[PDB]
Structure formats: structure tokens, C-alpha cells
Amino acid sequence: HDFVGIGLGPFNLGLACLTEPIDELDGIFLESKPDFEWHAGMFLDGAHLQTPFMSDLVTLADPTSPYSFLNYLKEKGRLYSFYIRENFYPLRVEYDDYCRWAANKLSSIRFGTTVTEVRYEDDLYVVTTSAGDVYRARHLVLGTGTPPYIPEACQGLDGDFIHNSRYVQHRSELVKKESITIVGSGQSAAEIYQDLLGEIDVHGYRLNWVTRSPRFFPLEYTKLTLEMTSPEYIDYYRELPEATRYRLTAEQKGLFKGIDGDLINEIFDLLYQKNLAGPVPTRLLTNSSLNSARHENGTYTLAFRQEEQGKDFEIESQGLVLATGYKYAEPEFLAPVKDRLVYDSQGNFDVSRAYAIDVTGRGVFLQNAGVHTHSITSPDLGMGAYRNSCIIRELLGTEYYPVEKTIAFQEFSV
């Protein structure tokens, strides 16, 4: 093949839809799951995308693509009432249903296929499957995603504690407890906190929301800042000193630790409403580390330290929801071709401006996992079509889908 995509969607899925009309390119994608499924553990009732529907799979690169969210609604017979709904943001299960509708309309996807290991023979890349099948191509696109992150204070933890990755499946058991505690900030943490707080006077549990963030940061979604999600900002950002880039990565607040401002205010309105009937058994703590964690009987003892104040405190809770983020890890299957991959000074891929990670500037491409190289655009649905069109532009020698070089009104470079 020309290329082989490992892991499908929503970034590699978008590439599948973008190359299907290109006959000059024949690539194939292998996904481990039996069918496409997004973050199904966060499918709370009413939950919606944090980016408008134009950040779908194709539209930002080609609004005429047959796999656009608008065309999907037209086929489902739902376009007109969506027109009446007049909401830029699709609901989460609506988006999950849309990409599954797109994946099943393609012919170049092989589900139930977990790649085992990769290496490099005869200037081609060989990829091995769990079943034993082996594909080969000159290029590979890595869209394996970002596994959930667990703090080391919860390594080797036992009990029924969950990452927010699997909340919907275990809300069954959480509401039956006497006390629930959520660790970390971010959209998922607040969505879960609002969901539990909404029924706190029916199940009767205590509700704790602890985070080390100094504030409950709002998502940085004012339009002048949204212009940093731009081709010309990546051009600027990428040629900065890598330590200043790793500092901008570490300092960034709203990207992974940011809550929708509306959700923040709805949480306050709900706290106000419940507090009319009497004292609400809830706690919201900031500037608080999670240092220790142990399981006894069927309750957890968590040791926190208020870093700013310089004092420790412990809380006990039978339920434990780790709304900690996600973190990319070197996949095991790229061990035999590590010396073809280029690394930075800190131990991760130094992804090039053209989203390549190997000795040739156009060999293996990397979707996501590039905040230290492309900042907030790396895990953004709104920049999936842009990154895929540049990966296309390197697989051919041509620009099949036009690639904008300036979108913003402001200048980031000089």
C-alpha cells in the first residue's frame, strides 16, 4: 500500500474519508475495536462537543465531501430540525453515531485488528497483527490516541475506583455509595460533578471535588485566542526554542484542565438552588495535591496537601473518580524501528512541522500527541482536517485539498 493507518478515528478516520476520492492513494486502516466508538464512557445525557460541527471529519478541508456532518443529517432525515435547533455543537452520541456512519461507508477499514509490532525491511514498513496478518507500505500514520493517565499515588490501587474514561458504566454503583470524590479539573470532572450534584438530595451521598488547580479554569474560547488555533501560529510556535515550548505546554490551563464557562456558572446556579433547602453536603477544594491513596474495608483514605497554604489534610470516601487527564506513551509495537524515529531532548517524538517523526521528513506521521510541537492544535477536532490535508500533501507531491497559510487577523511572528 501507499500508507497504513494504525488506530482509526477521529483523526485517522478523517484521513480515511479524505483519501477515499483520491485514487492516486490507496491506504488501509486497522482498528482494534470491532467498530468505531468514541469516549463512550463520557456519554452523559445532554453532553455535547466543545467544538462546532464544522470540526467534523472533512468539512474544514472540503465542504463538498459526502461524509460531512450536514450530509449525514440529510441522510438520516434530521437536517431540518437540526436547522431549527440552531446549535453549533452536536451531542456526543450524535457525533459518535455520525463517525460510525462514516466508517461503515468506507471500504478501507479493517476492524478487530490490533497491531503487534512494526519494523523496517527493504525500505518499506512491515506491520504485524494480533491474528498474524501482515501489511506493508512505504508510509504509516499513527493515530493510536491517548490512553488514560493515572497518578502514581493510585498505581497499584484496588477497590472500585474509576478513571472518568468509564463513568457511565459505573454510575450504576457510584450513586449507591455514601460518599463520592472526584480528583482533578477539566470538562469531564465538572460534567461529572454537575451530574452527581443534580441528584445529591435523592441518593444522599457526600460529594467532594478536589483539584490541584488554583482556580476552576474556563475554556479559553474567546475569538482572539481561538486564532491561536491557526496555521500561522503553528508555524510560529514550532520554530521556538523547545524548552520555551515545553514550558508553554506545562503552563497551559484551558486545554486539558479547562471547563466550559457556561458549565461553571450552571454548577454555581445548581449549588445556589440546592442550598435554599438547607446545607448541601458538598466540598470544592483547589490548590490541593493528591499524595497518598489506600483502600480499607470498602472506603478510600486519600491524603491531600494544600500546596499554596502549605498544610495537609485527608478525606475518606467510598467512591473515587479520577478525572485525571490522558497521556501518550511510546507504543510497544515501534520498538524494532526506534532508531528510525527522531526524539527531542526530553524523551518524546520531535514531530516536524509536517507531522513526521522519523529520519525521512515524510516517512511515519503522527496524529495527536504533539502539544510540545503544535500546541493546542494537536488534539483539536478543528485542526484534524488541516493536519490530514498536509499529510496528504506529502504522500502525493501535490496539494489535493487547499491548505490555508493564514487565517487570522493578528500577527504572531515578526
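Sequential numbering from 1, following the sequence displayed.
Across the two stretches, 198-206 and 250-258, the PDB entry reports the greater mean Cα temperature factor for 250-258. On average the C-alpha atoms of 309-317 have higher B-factors than those of the other stretch, with 76-84 and 309-317 being the two compared. Among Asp96, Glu178, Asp269, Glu330, the highest C-alpha B-factor recorded in the PDB entry belongs to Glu330. Highest CA B-factor among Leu174, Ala189, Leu224, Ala131, as stated in the entry: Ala131. The PDB entry assigns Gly384 a C-alpha temperature factor belonging to the middle third of its chain's modelled residues. When the modelled residues of the chain are ordered by C-alpha B-factor, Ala277 sits in the middle third.
For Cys17, the recorded CA temperature factor ranks within the middle third of the chain's modelled residues.
For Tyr193, the recorded CA temperature factor ranks within the lowest third of the chain's modelled residues. Ranked by C-alpha B-factor against the other modelled residues of its chain, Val414 falls in the highest third.
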